Amino acid sequence: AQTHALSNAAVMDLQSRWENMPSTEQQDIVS
Amino acid sequence: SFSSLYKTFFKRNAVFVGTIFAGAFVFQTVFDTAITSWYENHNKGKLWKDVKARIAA
Amino acid sequence: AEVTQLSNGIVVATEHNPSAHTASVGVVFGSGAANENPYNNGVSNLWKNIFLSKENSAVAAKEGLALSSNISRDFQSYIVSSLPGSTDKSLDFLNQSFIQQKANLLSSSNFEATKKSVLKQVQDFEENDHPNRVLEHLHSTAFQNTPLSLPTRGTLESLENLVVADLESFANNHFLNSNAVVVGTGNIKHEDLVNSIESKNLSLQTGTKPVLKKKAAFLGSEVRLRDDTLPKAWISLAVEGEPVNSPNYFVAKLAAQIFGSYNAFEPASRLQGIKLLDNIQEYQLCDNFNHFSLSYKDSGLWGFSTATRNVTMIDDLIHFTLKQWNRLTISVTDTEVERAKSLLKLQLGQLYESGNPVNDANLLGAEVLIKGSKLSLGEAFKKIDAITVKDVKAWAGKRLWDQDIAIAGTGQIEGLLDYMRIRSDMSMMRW
Amino acid sequence: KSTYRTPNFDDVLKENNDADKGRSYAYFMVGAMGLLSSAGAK
Ligand SMILES: CCCCCCCCCCCCCCCCCC(=O)O[C@@H](COC(=O)CCCCCCCCCCCCCCC)COP(=O)(O)OC[C@H](O)CO
């Protein structure tokens, strides 16, 4: 909600793998 | 599928050498017999086993 | 001394002890270094330093109390020691710290100072402390691609890729009401039993901890950090252990205690122990021994560590240690088992009898976050006495005979055989 | 990346068992190899 410079570990963690990350914050990151 | 029955057989060392050597002896004996039989039955007539009957009247 | 339990949304535990007069109350979270992806490694350490950094002045000014912290694998604990008559102040400060409000504690300047301090500390640790480095590398190589291998202090590159979003995300995702207890070690009787559970005096954000896709693993990977500048050579070995709440915990602990520790530069350590000490004393091979039996909620690690000034003698030391481990599983005299049982009784007595309230609180939270109530010392002694030669022999045969091992090292490791020579020495010998 | 960030080895890793599966297979094959070598030597 109204973020600033939102470039955290998740942004570059997303590209490597997607199924290993346990599908419970995928909705959070996409939202 | 490797149950405890097969797991237990992979711990003996002092006695395993003798039985493994006996198994090798049995395997070499049966292999020699099988190879001799196959060399026998791959060639009929030429060998000396049936020339006795061939010359027999 | 006795243990109490109760629950309403959260869990509250207390082990009263009127002899001591240092009451310590704090919370313990069952989510630490094992609940964080490799791209977010030092978030827990940043939390620890940011609660140890700035309000440490406020706690000593407004009141009197010394606050500590500890993260080992999953037990993010924040203990607040105090005097016997001043526990409500500690609880109130803890509430004003966690539940409301953490916005003031999360500022740009404070976070930057904590960040640079943590970077300096982790750099200093990576430079000097060699045995801890090889232990962390053993952990990182035994659990490859698993949320149990990444270190507990944060890899150097992982620190500078997270500022305020990752830290608050970890707070919102792990600081919950499902994996939190409130220890009460000290000399407090029933105030902790009542004030912890209140209408609203408990941690906010009701919810559940995220599930883990991968539980654990163990593969036999080798890691070397060869560098000839260092004077000595630190090497560690390990095998698969057992998790907490298993009927092999104390048998494994006894197996670790059988060989014990050693220190060549102490006159009281060269004349006791078991055979490998005698086999080693003849030529100066090693300096230190650490037979450790670590256990975590997912998997354990029963291993060995050493450090030698001699560099050509590494192979002989490893061979002798492995040969002794091999001998452990076939022929152990009842005298050895009796001596190990007495030594382990003494060791656990020292561990669980120390007058430090903080250590007792840590152990209580650790043993209550998995089972539900602490396993008392008398029952522990009884079940230690229950062990016999048959049980330890069975455990050794199950978990040591021809099992996958992990190795680590640093320093002058030019003379260490890599992986097949070490692994072969557990079953190739005549049995 | 530091030393802790282990490089990927998935290209050669196998089913996540790491148990007597491989050990029994290898031991049985080497036992057979000893059988054949002993038979030939004899
Ligand atoms: C093309 C080149 C070679 C040509 C042919 C060579 C002919 C000469 C052969 C000489 C011996 C080599 C044959 C195979 C030897 C196996 C290895 C071995 O015995 O040595 C190990 C020696 O092993 C031992 O010391 C323990 C095993 C032996 C104890 C059990 C004995 C059982 C009965 C033995 C009967 C034979 C006695 C004579 C042996 C030479 C070394 O490994 P390790 O277990 O010590 O591991 C290394 C470690 O880090 C340091 O120790």
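Overview of results
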read-out: Filtered residues of the range C:315-351 (kept if more than 15 Å from the ligand (Cβ to nearest atom), part of a helix (DSSP H, G or I) and either of a type in the set (D, E, K, R) or within 30 Å of C:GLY415 (Cβ to Cβ) (or both)); value: C:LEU328, C:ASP334, C:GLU336, C:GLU338, C:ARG339, C:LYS341, C:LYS345
read-out: Residues of the range D:5-39 classified as exposed (fewer than 14 other Cβ atoms within 10 Å of the Cβ), among the polar types (S, T, N, Q) and over 30 Å from B:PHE27 (Cα atoms), total; value: 3
read-out: Long-range neighbours under 6 Å by Cβ, at least six apart or interchain, first residue under 18 Å from C:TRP234 (Cα atoms) within the range C:277-290, second of a type in the set (A, V, I, L, M) and in a helix (DSSP H, G or I); value: C:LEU285/C:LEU317; C:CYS286/C:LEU317
read-out: Contacts under 8 angstrom Cβ, first residue in the range C:386-413 being part of a loop (DSSP other than H, G, I, E, B), partner acidic (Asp, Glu) and buried (at least 16 other Cβ atoms within 10 Å of the Cβ), 6 or more apart; value: C:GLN403/C:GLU240; C:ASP404/C:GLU240; C:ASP404/D:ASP18
read-out: Within the range C:1-92, strands (runs of 3 or more DSSP E) holding 1 or more residues that are surrounded by 22 or more Cβ atoms within 10 Å (Cβ to Cβ) and outside the structural domain of C:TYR352 (by CATH); value: C:10-16, C:24-29, C:76-81
read-out: Number of the exception - B:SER1 against (1) part of a loop (DSSP other than H, G, I, E, B); (2) under 26 Å from the mean Cα position of the chain (by Cα); (3) among the polar types (S, T, N, Q); value: (2)
read-out: Boolean, C:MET426 is over 26 Å from the mean Cα position of the chain (by Cα), more than 30 Å from C:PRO231 (Cβ to Cβ), within 13 Å of chain D (Cβ to nearest Cβ) and within 16 Å of the ligand (Cβ to nearest atom); value: yes
read-out: Set C:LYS214, C:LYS209: member being over 30 Å from D:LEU13 (Cα atoms) and of a type in the set (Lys, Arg); value: C:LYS209
read-out: Test: residue in the range C:283-301 that is under 27 Å from the mean Cα position of the chain (by Cα), within 14 Å of the ligand (Cβ to nearest atom), outside any strand (DSSP E or B) and over 25 Å from C:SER140 (Cβ atoms); value: no
read-out: The range D:14-42 residues that are within 11 Å of chain B (Cβ to nearest Cβ) and more than 25 Å from B:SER4 (Cβ to Cβ), paired with ones that are of a type in the set (S, T, N, Q) and surrounded by 12 or more Cβ atoms within 10 Å (Cβ to Cβ) (beta carbon under 6 Å, 6 or more apart); value: D:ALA39/B:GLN28
read-out: Filter result for C:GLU367 (within 24 Å of the chain's Cα centre (by Cα) and exposed (fewer than 14 other Cβ atoms within 10 Å of the Cβ)); value: no
read-out: Cβ pairs under 6 Å, 6+ apart, first in the range C:161-190 and away from chain A (no Cβ under 14 Å) and within 23 Å of C:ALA103 (Cβ to Cβ), second outside any loop (DSSP other than H, G, I, E, B) and not hydroxyl-bearing (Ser, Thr, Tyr); value: C:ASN177/C:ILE10; C:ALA180/C:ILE10; C:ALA180/C:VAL27; C:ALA180/C:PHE29
read-out: Failed condition for C:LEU135, given (1) in contact with a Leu (Cβ under 9 Å, 6 or more places away or on another chain); (2) within 13 Å of chain D (Cβ to nearest Cβ); (3) surrounded by 18 or more Cβ atoms within 10 Å (Cβ to Cβ); value: (1)
read-out: Lone unmet requirement of (1) among the β-branched types (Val, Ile, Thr); (2) out of contact with any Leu (no Cβ under 8 Å at 6 or more places or on another chain); (3) within 26 Å of D:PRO7 (Cα to Cα) for C:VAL122; value: (2)
read-out: Candidates C:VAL251, C:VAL239, filtered to the one that is under 27 Å from C:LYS215 (Cα atoms) and over 18 Å from the mean Cα position of the chain (by Cα); value: C:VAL251
read-out: Yes/no for C:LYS120 being out of contact with any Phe, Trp or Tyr (no Cβ under 6 Å at 6 or more places or on another chain), under 30 Å from C:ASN290 (Cα atoms) and away from chain D (no Cβ under 14 Å); value: yes
read-out: Cross-chain or 6+ apart pairs with Cβ under 6 Å, the range C:317-332 first and within 14 Å of another protein chain (Cβ to nearest Cβ), then more than 10 Å from the ligand (Cβ to nearest atom); value: C:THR329/C:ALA396; C:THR329/C:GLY397; C:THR329/C:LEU400; C:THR329/C:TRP401
read-out: Residue within the range C:359-368 that is over 24 Å from C:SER7 (Cβ atoms), outside any helix (DSSP H, G or I) and not β-branched (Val, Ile, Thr) present; value: no
read-out: Hits in the range C:389-421 (condition: buried (at least 19 other Cβ atoms within 10 Å of the Cβ) and within 10 Å of the ligand (Cβ to nearest atom)); value: C:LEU416
read-out: The one condition in (1) within 27 Å of C:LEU219 (Cα to Cα); (2) within 16 Å of the ligand (Cβ to nearest atom); (3) among the hydroxyl-bearing types (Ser, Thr, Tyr) that C:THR312 fails to fulfil; value: (1)
read-out: C:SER196 vs. criteria assigned by CATH to the domain that holds C:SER24 and not β-branched (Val, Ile, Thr); value: yes
read-out: Residue among C:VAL59, C:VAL118, C:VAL80 that is closer than 21 Å to C:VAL181 by Cβ and aliphatic (A, V, I, L, M); value: C:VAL80
read-out: Any chance D:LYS1 is within 11 Å of chain B (Cβ to nearest Cβ), loosely packed, with under 13 Cβ neighbours inside 10 Å and not polar (S, T, N, Q); value: no
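Conditions (1) within 14 Å of chain A (Cβ to nearest Cβ); (2) surrounded by 12 or more Cβ atoms within 10 Å (Cβ to Cβ); (3) within 30 Å of C:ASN95 (Cα to Cα), marked per residue:
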{"residue": "C:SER196", "(1), (2), (3)": "no, yes, yes"}
{"residue": "C:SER199", "(1), (2), (3)": "no, no, yes"}
{"residue": "C:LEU212", "(1), (2), (3)": "yes, yes, yes"}
{"residue": "C:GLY220", "(1), (2), (3)": "no, yes, no"}
{"residue": "C:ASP228", "(1), (2), (3)": "no, no, no"}
{"residue": "C:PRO231", "(1), (2), (3)": "no, no, no"}
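The values are calculated or read from the model by the stated rules, or taken from the named source; these are not laboratory values. Backbone-built Cβ (ideal geometry, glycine too); neighbour counts: all protein chains shown.
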